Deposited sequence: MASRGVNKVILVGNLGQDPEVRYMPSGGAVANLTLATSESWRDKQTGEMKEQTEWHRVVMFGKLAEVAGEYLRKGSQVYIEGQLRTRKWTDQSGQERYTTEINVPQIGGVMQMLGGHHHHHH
């Protein structure tokens, strides 16, 4: 490991977490961070978040469509093909099994 790749988020799940398996468990969820402007104009940011193992497993048993959470992980930009067939890029927040934290807040 050479450099630092850390992202801290406190925000609310926009929708329920989606947990899948392959045989490790994966959980995807989207949280929001807001800020306020006055010319009241808000600005919500959506954060593609993905967790693995127990952390994923816990997210399923307890996280909901409004739950608030603290997340520690690293930026990871992954490539994929769209139906039109061109490799596209989506940047998510990886929450590593060893090194990443998540916590429900309430």
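- Gaps between the deposited sequence and the modelled coordinates occur at 1 to 2, 25 to 26, 44 to 48, 116 to 122, listed in sequence order.
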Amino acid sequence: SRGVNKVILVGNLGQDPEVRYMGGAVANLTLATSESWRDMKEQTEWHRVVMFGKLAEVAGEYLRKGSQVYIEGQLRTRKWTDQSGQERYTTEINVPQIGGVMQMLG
From here on, numbers count along this sequence of modelled residues.
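- Legend: mean Cα B-factor per stretch from the PDB entry, 73 to 81 versus 59 to 67; the higher mean is in 59 to 67.
- In this entry, 12 to 20 shows the higher mean Cα temperature factor of the pair 89 to 97 and 12 to 20.
- For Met40, the recorded CA temperature factor ranks within the highest third of the chain's modelled residues.
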